[PDB]
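Below is one structure, written out as structure tokens; comments come after it.
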Amino acid sequence: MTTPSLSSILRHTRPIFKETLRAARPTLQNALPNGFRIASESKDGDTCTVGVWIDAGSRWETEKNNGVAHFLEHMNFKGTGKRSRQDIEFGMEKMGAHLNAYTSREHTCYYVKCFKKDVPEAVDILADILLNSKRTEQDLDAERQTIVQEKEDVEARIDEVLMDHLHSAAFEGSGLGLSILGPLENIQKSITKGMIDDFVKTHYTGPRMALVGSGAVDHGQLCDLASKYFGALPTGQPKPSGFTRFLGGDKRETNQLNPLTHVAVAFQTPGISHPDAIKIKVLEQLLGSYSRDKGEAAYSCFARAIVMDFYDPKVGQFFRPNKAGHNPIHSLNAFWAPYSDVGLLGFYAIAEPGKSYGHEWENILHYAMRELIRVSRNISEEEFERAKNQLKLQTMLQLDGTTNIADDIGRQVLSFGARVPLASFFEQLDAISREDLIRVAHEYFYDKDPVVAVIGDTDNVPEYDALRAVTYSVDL
Amino acid sequence: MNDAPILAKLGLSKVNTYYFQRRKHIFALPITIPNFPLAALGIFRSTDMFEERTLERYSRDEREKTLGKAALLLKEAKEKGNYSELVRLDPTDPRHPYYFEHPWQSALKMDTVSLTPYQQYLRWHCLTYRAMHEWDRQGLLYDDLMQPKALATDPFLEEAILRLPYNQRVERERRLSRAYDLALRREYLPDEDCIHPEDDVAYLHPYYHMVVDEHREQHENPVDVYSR
Amino acid sequence: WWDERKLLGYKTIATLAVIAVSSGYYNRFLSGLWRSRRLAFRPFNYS
Amino acid sequence: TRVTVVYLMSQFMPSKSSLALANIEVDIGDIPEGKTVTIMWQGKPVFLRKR
Amino acid sequence: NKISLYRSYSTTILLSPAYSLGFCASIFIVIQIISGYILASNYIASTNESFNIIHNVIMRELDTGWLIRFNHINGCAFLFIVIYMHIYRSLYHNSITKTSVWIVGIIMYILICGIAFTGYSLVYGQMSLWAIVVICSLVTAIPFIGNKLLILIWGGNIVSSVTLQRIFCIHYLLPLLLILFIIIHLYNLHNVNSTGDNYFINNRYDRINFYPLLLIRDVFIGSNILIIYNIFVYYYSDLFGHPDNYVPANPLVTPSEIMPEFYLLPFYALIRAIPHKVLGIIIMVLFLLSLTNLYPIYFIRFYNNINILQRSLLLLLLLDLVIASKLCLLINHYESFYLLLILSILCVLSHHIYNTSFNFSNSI
Amino acid sequence: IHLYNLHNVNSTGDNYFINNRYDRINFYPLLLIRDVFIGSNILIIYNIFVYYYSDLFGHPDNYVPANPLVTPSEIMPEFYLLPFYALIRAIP
Amino acid sequence: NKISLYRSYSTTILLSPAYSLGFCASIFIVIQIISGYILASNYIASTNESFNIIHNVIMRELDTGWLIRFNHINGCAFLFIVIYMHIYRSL
Amino acid sequence: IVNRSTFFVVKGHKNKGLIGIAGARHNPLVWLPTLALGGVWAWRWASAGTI
Ligand code: HEM
Ligand code: HEM
Ligand code: HEM
Ligand code: HEM
Ligand SMILES: CCCCCCCCCCCC(=O)OC[C@H](COP(=O)([O-])O)OC(=O)CCCCCCCCCCC
């Protein structure tokens, strides 16, 4: 070396978190007598995103209809009574925009980014494809191969496959624990026009839909268009309200040829609209995230406890020093997946498999569970404030652009019934107490059954039983 | 000391820190065994003034000295623009901020006018006690005898060895192997090859001290109170 | 020692029976993780 | 475990025979004043004197 | 593969003849095991016919039962001599760094002290009986259980045949645990290797094959040690013993002087130099516990080198222990030696084995 | 040594298979608990004999002190050595 | 590290209850060792005292010396029974 | 607490123990009833009462 490190004796200046709160125009929301909702946030500009958000995802399948939501998404684009696929494409291309469809486990959205003068045309196209799609049977037999190829390629995304494994393991016997695209047997033969029409009739109703506008848009014009086009939507049966039970357990995929091992550990939490959502978000920010480029620079007690194990020389009185050759962790990330009535709060770790029958993953999970117990017991004010401040920043970082703002508006309108003003949110964020956060952590983490998903070399990742024995402590 | 003129201009002492060593505590805690019971308390201590005294590095005075020398180097770099050079000096260069000198490297050419009678005794003791052990007749430096152990290894020490340049590491190993071969027969090198006290350079103590500081860095800037 | 022998016999058998019942339940409980395990093999591409 | 440890330990207690010779009783109403009488107890002869 | 045998384990070239003390200790352990097994096959433990069967049946009816008994006695004495030299060497070359080897060694030392005591008890002579009595009286000072525990240990108010039978079983059992601990001792040593005259980190090109060079050196040193050992078995057969143990024990009569074996005298000194019994027991336990290296456990500690000052103080420790033993036995007739006994014990209790780097630090 | 060798080669089970780590299970604590259960049952069976059939596995002639001048009517070893005894009676 | 304790050794799932015979034999070895050590502490080996010291000292002077002796005897018998079952299963 | 910097500091060597998680421990007084009940329950003798 021969070059000193003065940082080990110098006094460093600590930046402090300062928050900037630039007020934004309020979100205006109206409802037709049918129940269709119309939400908009105007902002000075020249472009705007206009979309339709539906509250019908793949959560409402039964292993007979599995994949029908995705099939419906694909069939909506194949022509209506008035237009054809080529006519829809021609209209969109004249407008110079694209029509984006996004289907998830709970929400679907069809949105378009356009100029303020093309809003009526965009709304017309959206309404036409949503309400008046013919969905002919022959066309249904022509999209099967396309959807099969899409299933083949999404099965090649390791993160998506891991999350699908996690959801399948956590929820068995409910549509919430099913793949969005469904099994091949359903894609190739089972899904039929009857199923698609039943799904649309059941779930595409008045109170389940919102028309969202973001950017240089006019709320009055959006309301008029919604009355003109979506005023006649039926008001069918309310959204299904059953019991989705959480089955703690494990789903492990053995692929010893994979270069990295992915492990997701999650716990059961209440729903999105539960009054503990804010506390759970603060917990997610408390656990934080880590990426290999930071090295020893982990800013949470969680990551530190797991990362310094590979930098500690591990010198003992009666044993030889055993220091890791290098840091094998590729990344750590806390996550929270909420749903109308359930949730999965946990962490997602990517690291090298290591030598056969090593101890890398044993140490990683040992320290991860120890840190979860520790936060269940005691949390420090500094880390509490850090978690709240980072939650502020993260909530502000999700709103970069008209598309992102429109997606946020639509998601919150479908979930909570109305959009919570950010200021109001922050008002509730600084009212949380350290003791309340500790109680929330202890209620869901300590001595509870987790759900584990593993992809990669499983000769090193601990089995479920061992992981079930480290959610409690002997002297605690 | 070769560093003394620099220490002269920073308002510090030109005398080695080997002097000024003093006992500040009665009990030595944590109590360490296998000392005998009373000795385990540390009320009565036996020292030969050649201990490491590593834990005395955690002081504000030493940090102030190190940063004064570093500021001198940075000022010269700003004036001239040879930053690279001035940050890559060998730690045996008297201008390196972590320069360390054994008490006997200057005991023969010391001022000796400001020394207390106790400190004069300390100087004579350093020279003669070095002579007694006869590691100078083995063709060895004192820092060659700072070696890590298989169990209860001295962590800093291992790092202190890996920071050495390759050639200095190889020379250290070769000296140790020659001393091993000599010790087989309990033989010494020819009297003309005896190590002069001023040639007994402390080439590993700067690396040792740098490693100690770098290891304490994270303790004083914790991410959180309950953090690993 | 006839009577003391009989009495100790009864006590020991009763205590061991309690232990056996409890440990048998716990063994059956712990075996549940493995007795319900499920396997799936991703198929190959065959002509 | 508790009863087993106690029982194994109890195998090392004094034997009943040793607990029969430990205590003896003498009749002090038989010895007159100023007379010393010798008896046997645990092998060692014992003097009882009416001091 | 004979070559693979040669290279199975390699050590340093700086193994002076002083590094055969472990081998000699193992030799005397083997001799003790064999001679003790032969004695135990002719032994009856009971106050009625113990002293008789040692002196009248074992010694005078067998062909060389006398030689077996003398082998056993002098083997115990020489095992302790060799172990003391072994410990002194390990302190001289700063072998406390071999943490596992040192801790196993201290456990073995405690075990062997117990074995020697329980063995000496079996010869139901005057010295055996009254040494048992004194030790068990020291047991009686424990707070809130001294008499219950003493009765449990003795099986009654007095030493008897049941006590002899307990002692016989314990004496038989403990040496086998000792053999297991010797195996663990050697296992650890092979894991961390030996120190030699000086400590060096040697690559394979600087190390030598253990076999057969060091085996032949062990044979040579063991042959010389066995010559010295047999000069005592055949010509001074009761030099380490006390004649009062050739008298059948009378529980009614106390010997003029009760002195233990020469390898327990230091411990006896600790008892005599501490007027309070509970304080003496506490000091004994703390002494035995401080010989080990079990603390600190999780604090970072490492061992530096050793120097001439420490070696000189080691010589002083040896002197103080020997003088303390002699004085502890002398004080029964000469009261003025209490001063020197206490002085030697104090000097012993304040001897530094491990120089702690925690002697130097700063304050907040 | 028996246990060391077994842990080196592992247990057969009901049928012999070569298993990767995903098909195996941790020994602790499931098999320790099963061992406790089976041990308690067999200890019940054992203690039934200790307290109520104390002399069923024995020959009453061993309660007669040894008489070198008299031989018993039938000399019979314990039930667990009988097969070996047979190998001596069947070979003249 | 409790996890490291769990995974230090793994076996097959086909260990039927017949595979606890080794553990039963271990239990009986422990019983024999303890009972024998207690008996030996009260035993004298000779043609004039052996038989007497078992039936007149061990079984009548202690509180449960009879129980210790019965444990030793029946533990030997059951150790042999369990070992024979162990061998038969192994074959 | 000790008013000394007498401990060597290593890069990642802290929060090390063998009983539980540092910073997630109960108040030591919560084990008092457990210890009292255990001491009272264990420190008892048992005899078969055979004459
Ligand atoms: C299993 C091995 C051993 C057995 C079976 C055994 C057995 C015996 C027996 C029966 C006696 C009494 C006979 C006699 O006193 O001459 C005895 C005495 C003795 N044993 Fe051992 N012994 C064994 C190992 C040891 C060991 C390792 C030592 C340690 C030095 C030892 C030290 C003694 C001593 C000091 C005596 C009394 C000496 C004397 O007779 O004056 N024994 N042993
Ligand atoms: C039964 C008595 C003992 C036997 C048979 C025994 C045997 C041995 C043997 C064979 C060795 C390796 C060869 C050698 O270096 O001499 C050894 C090394 C050692 N023993 Fe022992 N030992 C005994 C008692 C002790 C005791 C009481 C200690 C004290 C802690 C001890 C400490 C050591 C140490 C430190 C070493 C390694 C020394 C070094 O290489 O630096 N031994 N012993
Ligand atoms: C003291 C008597 C014995 C004890 C305590 C003992 C103990 C054990 C234990 C604990 C196991 C592993 C657990 C199990 O699989 O049951 C085992 C396995 C085994 N033992 Fe023994 N054993 C004894 C006698 C024998 C004998 C006489 C044989 C015959 C050669 C034998 C052959 C085996 C075999 C072959 C296995 C492995 C079986 C398999 O997993 O395929 N054992 N023993
Ligand atoms: C170190 C361990 C052991 C010791 C010290 C020991 C000691 C003794 C003693 C002193 C006796 C005679 C007292 C009596 O007969 O009641 C005895 C009897 C006996 N022992 Fe052991 N023993 C041990 C282990 C074993 C083992 C492992 C077995 C085999 C299972 C065994 C089988 C027997 C048998 C069969 C008898 C005679 C049964 C009878 O009295 O009828 N012993 N033992
Ligand atoms: C290892 C754990 C599993 C073992 C479970 C079996 C436990 C033994 C059950 C019997 C315990 C018993 O009865 O003790 C009560 C008697 C009377 O005592 P007291 O309270 O009247 O003074 O106390 C006595 O009689 C004194 C001694 C009793 C003899 C106990 C024999 C132990 C047998 C162990 C079987 C494996």
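Chain labels follow the order of the structure tokens: the first chain is A, the next B, and so on; residue numbering restarts at 1 in every chain, and ligands are counted from 1 in their shown order.
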Using only C-alpha atoms and all ligand atoms, which protein or nucleic acid residues are at most 7 Å from ligand 4, as a VMD selection string?
-> chain G and resid 29 32 to 34 36 to 37 39 to 40 43 54 69 72 to 73 75 to 77 79
For ligand 5, collect every residue having any atom at a distance of at most 7 Å from a ligand atom (counting only C-alpha atoms and all ligand atoms); output as a ChimeraX atom specification.
-> /C:8,11-12,15-16 /D:1,3-4,6-7 /F:43,47 /H:45-48
Those residues you just picked out, can you put them in a file as a PDB file, in the first residue's frame with N, CA and C atoms?
ATOM      1  N   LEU C   8     -42.940 -48.500  42.354  1.00  0.00           N
ATOM      2  CA  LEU C   8     -42.043 -47.821  41.431  1.00  0.00           C
ATOM      3  C   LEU C   8     -42.322 -48.240  40.000  1.00  0.00           C
ATOM      4  N   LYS C  11     -45.281 -46.181  38.760  1.00  0.00           N
ATOM      5  CA  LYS C  11     -44.944 -44.779  38.533  1.00  0.00           C
ATOM      6  C   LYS C  11     -44.093 -44.609  37.278  1.00  0.00           C
ATOM      7  N   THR C  12     -43.061 -45.442  37.122  1.00  0.00           N
ATOM      8  CA  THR C  12     -42.178 -45.303  35.968  1.00  0.00           C
ATOM      9  C   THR C  12     -42.925 -45.553  34.671  1.00  0.00           C
ATOM     10  N   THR C  15     -45.070 -42.461  33.837  1.00  0.00           N
ATOM     11  CA  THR C  15     -44.300 -41.311  33.369  1.00  0.00           C
ATOM     12  C   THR C  15     -43.764 -41.538  31.959  1.00  0.00           C
ATOM     13  N   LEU C  16     -43.233 -42.732  31.694  1.00  0.00           N
ATOM     14  CA  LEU C  16     -42.767 -43.028  30.349  1.00  0.00           C
ATOM     15  C   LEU C  16     -43.908 -42.994  29.347  1.00  0.00           C
TER      16      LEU C  16
ATOM     17  N   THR D   1     -35.394 -36.932  34.828  1.00  0.00           N
ATOM     18  CA  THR D   1     -33.992 -36.598  35.052  1.00  0.00           C
ATOM     19  C   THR D   1     -33.734 -36.262  36.513  1.00  0.00           C
ATOM     20  N   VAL D   3     -35.450 -37.209  39.279  1.00  0.00           N
ATOM     21  CA  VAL D   3     -35.526 -38.380  40.148  1.00  0.00           C
ATOM     22  C   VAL D   3     -34.377 -39.338  39.863  1.00  0.00           C
ATOM     23  N   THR D   4     -33.970 -39.467  38.598  1.00  0.00           N
ATOM     24  CA  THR D   4     -32.868 -40.363  38.270  1.00  0.00           C
ATOM     25  C   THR D   4     -31.566 -39.887  38.891  1.00  0.00           C
ATOM     26  N   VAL D   6     -31.256 -38.001  41.553  1.00  0.00           N
ATOM     27  CA  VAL D   6     -31.362 -38.187  42.998  1.00  0.00           C
ATOM     28  C   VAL D   6     -31.155 -39.649  43.362  1.00  0.00           C
ATOM     29  N   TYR D   7     -31.664 -40.561  42.538  1.00  0.00           N
ATOM     30  CA  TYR D   7     -31.596 -41.988  42.841  1.00  0.00           C
ATOM     31  C   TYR D   7     -30.175 -42.521  42.688  1.00  0.00           C
TER      32      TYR D   7
ATOM     33  N   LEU F  43     -38.331 -48.428  26.507  1.00  0.00           N
ATOM     34  CA  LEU F  43     -38.064 -48.356  27.937  1.00  0.00           C
ATOM     35  C   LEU F  43     -39.273 -48.776  28.753  1.00  0.00           C
ATOM     36  N   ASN F  47     -38.843 -51.703  31.426  1.00  0.00           N
ATOM     37  CA  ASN F  47     -39.174 -51.573  32.836  1.00  0.00           C
ATOM     38  C   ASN F  47     -40.298 -52.502  33.255  1.00  0.00           C
TER      39      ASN F  47
ATOM     40  N   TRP H  45     -35.055 -34.038  47.763  1.00  0.00           N
ATOM     41  CA  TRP H  45     -34.594 -35.411  47.877  1.00  0.00           C
ATOM     42  C   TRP H  45     -35.782 -36.358  47.796  1.00  0.00           C
ATOM     43  N   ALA H  46     -35.495 -37.610  47.451  1.00  0.00           N
ATOM     44  CA  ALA H  46     -36.529 -38.626  47.311  1.00  0.00           C
ATOM     45  C   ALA H  46     -35.967 -39.969  47.747  1.00  0.00           C
ATOM     46  N   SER H  47     -36.721 -40.690  48.574  1.00  0.00           N
ATOM     47  CA  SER H  47     -36.318 -42.004  49.050  1.00  0.00           C
ATOM     48  C   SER H  47     -37.478 -42.978  48.916  1.00  0.00           C
ATOM     49  N   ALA H  48     -37.139 -44.243  48.662  1.00  0.00           N
ATOM     50  CA  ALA H  48     -38.143 -45.283  48.480  1.00  0.00           C
ATOM     51  C   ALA H  48     -38.768 -45.741  49.788  1.00  0.00           C
TER      52      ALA H  48
END
What are the residues of chain H lining chain G at 12 Å or less? Count only C-alpha atoms, and put the answer as a PDB file with C-alpha atoms, in the first residue's frame.
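Saved to result.pdb:
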ATOM      1  CA  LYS H  16     -20.803 -11.481  19.164  1.00  0.00           C
ATOM      2  CA  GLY H  17     -22.307 -13.793  21.772  1.00  0.00           C
ATOM      3  CA  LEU H  18     -23.451 -17.371  22.214  1.00  0.00           C
ATOM      4  CA  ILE H  19     -26.829 -16.984  23.961  1.00  0.00           C
ATOM      5  CA  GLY H  20     -28.864 -14.698  21.717  1.00  0.00           C
ATOM      6  CA  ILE H  21     -29.076 -11.459  19.721  1.00  0.00           C
ATOM      7  CA  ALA H  46     -36.529 -38.626  47.311  1.00  0.00           C
ATOM      8  CA  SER H  47     -36.318 -42.004  49.050  1.00  0.00           C
ATOM      9  CA  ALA H  48     -38.143 -45.283  48.480  1.00  0.00           C
ATOM     10  CA  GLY H  49     -38.676 -45.873  52.203  1.00  0.00           C
ATOM     11  CA  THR H  50     -37.513 -49.496  52.259  1.00  0.00           C
ATOM     12  CA  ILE H  51     -36.961 -51.090  55.668  1.00  0.00           C
TER      13      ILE H  51
END
Neighbour list for region 162-166 of chain E as a PyMOL selection string, cut-off 8 Å, only C-alpha atoms, skip fewer than 3 positions in-chain | (chain E and resi 45-47+121-122+153-155+159+169-170) or (chain G and resi 40-43)
Find the spatial neighbours of region 122-124 of chain B, counting only C-alpha atoms, within a cut-off of 9 Å - ignore same-chain residues fewer than 3 positions away - and output them as number ranges by chain.
-> B: 18-19, 49, 103-104, 107-108, 117-119, 127-129
Store the residues picked out above, limited to N, CA, C and O atoms, as a PDB file, in the first residue's frame.
ATOM      1  N   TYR B  18       9.068   6.403  22.901  1.00  0.00           N
ATOM      2  CA  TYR B  18       9.465   5.335  23.808  1.00  0.00           C
ATOM      3  C   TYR B  18       9.655   5.870  25.215  1.00  0.00           C
ATOM      4  O   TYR B  18       9.273   5.222  26.194  1.00  0.00           O
ATOM      5  N   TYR B  19      10.248   7.048  25.335  1.00  0.00           N
ATOM      6  CA  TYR B  19      10.195   7.783  26.581  1.00  0.00           C
ATOM      7  C   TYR B  19       8.785   8.338  26.754  1.00  0.00           C
ATOM      8  O   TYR B  19       7.954   8.270  25.849  1.00  0.00           O
ATOM      9  N   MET B  49      10.084  -2.675  29.011  1.00  0.00           N
ATOM     10  CA  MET B  49      10.041  -1.464  28.200  1.00  0.00           C
ATOM     11  C   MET B  49      10.112  -1.741  26.705  1.00  0.00           C
ATOM     12  O   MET B  49      10.251  -0.802  25.917  1.00  0.00           O
ATOM     13  N   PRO B 103      13.481   2.893  19.373  1.00  0.00           N
ATOM     14  CA  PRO B 103      14.227   3.784  20.270  1.00  0.00           C
ATOM     15  C   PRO B 103      15.718   3.752  20.037  1.00  0.00           C
ATOM     16  O   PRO B 103      16.394   4.758  20.278  1.00  0.00           O
ATOM     17  N   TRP B 104      16.259   2.621  19.591  1.00  0.00           N
ATOM     18  CA  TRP B 104      17.693   2.483  19.390  1.00  0.00           C
ATOM     19  C   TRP B 104      18.171   3.042  18.061  1.00  0.00           C
ATOM     20  O   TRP B 104      19.382   3.176  17.873  1.00  0.00           O
ATOM     21  N   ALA B 107      19.413   6.262  19.634  1.00  0.00           N
ATOM     22  CA  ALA B 107      19.954   6.314  20.984  1.00  0.00           C
ATOM     23  C   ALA B 107      21.416   6.728  20.992  1.00  0.00           C
ATOM     24  O   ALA B 107      21.892   7.278  21.990  1.00  0.00           O
ATOM     25  N   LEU B 108      22.144   6.475  19.905  1.00  0.00           N
ATOM     26  CA  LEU B 108      23.559   6.825  19.868  1.00  0.00           C
ATOM     27  C   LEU B 108      23.785   8.286  19.511  1.00  0.00           C
ATOM     28  O   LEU B 108      24.801   8.861  19.910  1.00  0.00           O
ATOM     29  N   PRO B 117      17.016  11.815  34.379  1.00  0.00           N
ATOM     30  CA  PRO B 117      17.842  10.641  34.694  1.00  0.00           C
ATOM     31  C   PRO B 117      17.143   9.326  34.402  1.00  0.00           C
ATOM     32  O   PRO B 117      17.781   8.372  33.937  1.00  0.00           O
ATOM     33  N   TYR B 118      15.835   9.254  34.641  1.00  0.00           N
ATOM     34  CA  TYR B 118      15.099   8.050  34.284  1.00  0.00           C
ATOM     35  C   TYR B 118      15.145   7.808  32.782  1.00  0.00           C
ATOM     36  O   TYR B 118      15.271   6.665  32.334  1.00  0.00           O
ATOM     37  N   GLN B 119      15.055   8.871  31.983  1.00  0.00           N
ATOM     38  CA  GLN B 119      15.083   8.693  30.536  1.00  0.00           C
ATOM     39  C   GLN B 119      16.475   8.320  30.042  1.00  0.00           C
ATOM     40  O   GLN B 119      16.606   7.571  29.070  1.00  0.00           O
ATOM     41  N   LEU B 127      19.609   0.257  24.502  1.00  0.00           N
ATOM     42  CA  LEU B 127      20.773  -0.256  23.781  1.00  0.00           C
ATOM     43  C   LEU B 127      21.217  -1.613  24.328  1.00  0.00           C
ATOM     44  O   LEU B 127      21.378  -2.581  23.571  1.00  0.00           O
ATOM     45  N   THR B 128      21.409  -1.714  25.646  1.00  0.00           N
ATOM     46  CA  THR B 128      21.966  -2.951  26.189  1.00  0.00           C
ATOM     47  C   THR B 128      20.981  -4.111  26.080  1.00  0.00           C
ATOM     48  O   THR B 128      21.379  -5.243  25.787  1.00  0.00           O
ATOM     49  N   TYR B 129      19.696  -3.859  26.318  1.00  0.00           N
ATOM     50  CA  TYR B 129      18.700  -4.912  26.218  1.00  0.00           C
ATOM     51  C   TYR B 129      18.548  -5.386  24.785  1.00  0.00           C
ATOM     52  O   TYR B 129      18.264  -6.564  24.555  1.00  0.00           O
TER      53      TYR B 129
END
Report as a list in words the set of chain F residues whose atoms approach chain C to within 7 Å, with distances computed over only C-alpha atoms.
->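 Selected residues: residues 30, 33, 34, 36, 37, 40, 41, 44, 47 and 51 of chain F.
The coordinates place CA of residue 178 (chain A) at 25.1 Å from CA of residue 207 (chain A).
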Which polymer residues have any atom within 12 Å of an atom of region 222-224 of chain A, counting only C-alpha atoms, with same-chain residues fewer than 2 positions away left out, as a PyMOL selection string?
-> chain A and resi 28-32+36-42+48-52+116+119-124+210-214+216-220+226-231
Please extract the residues at most 7 Å from ligand 2, counting only C-alpha atoms and all ligand atoms, and provide them as a ChimeraX atom specification, using the chain letters and residue numbers of this document.
-> /E:19-23,25-26,29,83,86-87,90,93-96,98,101-106,108-109,182,185-186,189,193-196
